[PDB]
């Protein structure tokens, strides 16, 4: 019955600046073995966990040099000597001694330079209409940081409550995010109007841009 506690819950790092993640245990992870039974697993977006460190400080097969694992007794630290874009994901500590308990996971994020989003818009399908509903989609394909304001305007009059947005996990190469807003209404209400606009605000823009399309 060991409890893992792990901090920080999340982490923003400039590419090539170090990163620390800490795991402290409710009780000692040392052993008769003279070994510390703690591992570090990292789970990239969409992947299964992958083994990084084990027995406290033994880097594992095919794991880059910049990861190290250190610590002893009740206190351990996974240390990235210089973080790269590939490293982005959730990190978990675990002790197997009794009885396979995980940390809560330091999510790791990459401090990228600002990047405005390429913005796209997509009108309802042929067949989605030929079935009586209309979803309008708005792509913000690559941008940084995450915080992006997608304002939907129908006939240049505001919309609020009928559309949901989804946000990609930080890219593994360019450290980008992406977002897919979907304006959803009947057709019926769709064919009540003409002008359909996506308006996007972001840290990296001069003016909120507006790609759009009319009925």
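Residue numbers count along the first chain shown, from 1.
- Higher mean CA B-factor, judged across 98-106 and 126-134 from the recorded values: 126-134.
- Averaged over their C-alpha atoms, the temperature factors of 111-119 and 87-95 are higher for 111-119.
- When the Cα B-factors of 59, 66, 153, 44 are read from the PDB record, 153 comes out highest.
- You'll see in the entry that, of 13, 25, 200, 21, the Cα B factor peaks at 200.
- Sorting the modelled residues of the chain by their CA temperature factor places residue 52 in the lowest third.
- Residue 190: CA B factor in the highest third of modelled residues in this chain (values from the PDB entry).
- For residue 38, the recorded CA temperature factor ranks within the lowest third of the chain's modelled residues.
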